[PDB]
C-alpha cells in the first residue's frame, strides 16, 4: 500500500505542470505521477506537422525527460478512482492512496465512432492531426493531392483546440495556391456546429477569410462513415435528421469525436456527462474536497486548450495551498484560453477570450487580424516556453503581461 501526499493522474500537459508546482510546495519525494505513455508531446505542433512545416520528432520528448527531478513516475494506467477512501487503483494491480488528488487525464479520441475508422487510415488520401499515428498521413495526403475535394470535418462532441480542424484547412488551401493546384481543388469544411468560431470578433475575421479564398463550409454537417478504399465519405445533415450525402474526397482530414476518458466516465468524481466535476473558479472538486482537476478531463466551461491549462495551473496552485492552510480559496479562474488560429504559412489570428466568450488579448494591437508576429510567437517562441517554462511550473498565462502592456498604453494613451 504505497502512499503520496500529492498524487497526480496523467503525465501530460497539466500533469507535468502541476507536479512541478507541487514539487515546490511539499517535497519532490512527496509527489507522484501516474502515466503509461513513454513519449510526451506538445500537441499544438501537430497542426504544422500535418501542414508540412514542422517535424513530428520535434513535437515529442521522452516522458522520463519531462518528469520533474526527484518526483517518482508511476509508469502505469489508472484503473479505478475511489475518492470515498482517498485511493486509486492502477493496471499493475496496485492500490495507492493520496492526501490530495490532481486529475489531469486529458480528452479521449473516439475514431471508432466513425464506421470506416480507424481501419481506413491504412488507405491513402486520409489522415488526422489529432493522433500521432495519423498526423503524418495528413501531410502525405496533402502533397499527393492532385485533383478533387479537400474535405475537413468537425465532430458532434466536445473537442480539444476547436480551431485546429480549420487551421489545417486554411494551410491546405494556402498550399494549393502555392503549388498551382487551387484551380484543381474544391475545399470543403463540414462541421457539426453552426458557426465558424465561438467568439464573434474572430468569427467575423474567419468569415472574411472564408469568403475571400472561395472556401465552402457547410454548417450542421457531421461525418459518420468513411469508405477509404472507395475514397468516399458519408455526412449526416444535423439540421434535417435522416438526410445523408455521400461525397468523394481527394483528401480527407477527420477530427475524431471525443469523450471523457473511459476510466472517468463512470467514476465517482464524474459529471453526469463524464467530466471531472470541478468548480468553475477554484478547480476543486464539488463533492470530494481533497480532489482537484485541470485540463481537458474536467467540465470547465471553456475551450479545452493547452493555454487554458497554463492559466488553470496558477489558479489551482493557489487553491491547493489555501486549502492546505485550511482557509478558503479566494482567487477565481477567469476562464482564460487562447486559440492560435493559423490562417496561412506565415499568419496567425491569435484568439483569446474568457468564460463569457469575450475577447481578452494580451498584446496592445488588434489580434483579430492575420499577423506574422503572432505566427512567429506560436511557431518558434511558444514551443520553447512550453518545455522550459510551463512544464517547470514557471508559467501560468499571460495575465501579468496583459497588465503591463495595458499599463504601457497608459503612458501613451
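Positions refer to the first chain, counted from 1. Heads up, when I say rigid core I mean the largest set of C-alphas that superpose within 1.5 Å between the two forms.
Larger root-mean-square CA separation from the shown form, computed after a rigid core fit of the structures in 5 other deposited structures of this protein, is seen for 237 to 245 when 237 to 245 is set against 276 to 284. Judged by mean Cα B factor in the deposited record, 322 to 330 ranks above the other of 322 to 330 and 69 to 77. For the pair 13 to 21 and 400 to 408, the mean Cα B-factor is higher in 400 to 408.
The entry lists a Cα temperature factor for residue 35 that places it in the lowest third of the chain's modelled residues.
The deposited CA B-factor of residue 46 belongs to the lowest third of values across its chain. Ranked by Cα temperature factor within the chain, residue 155 sits in the lowest third according to the deposited record. Ranked within its chain, residue 353 lands in the lowest third, by CA B factor from the PDB record. Ranked against the other modelled residues of its chain, the C-alpha B-factor of residue 82 as given in the entry falls in the highest third.
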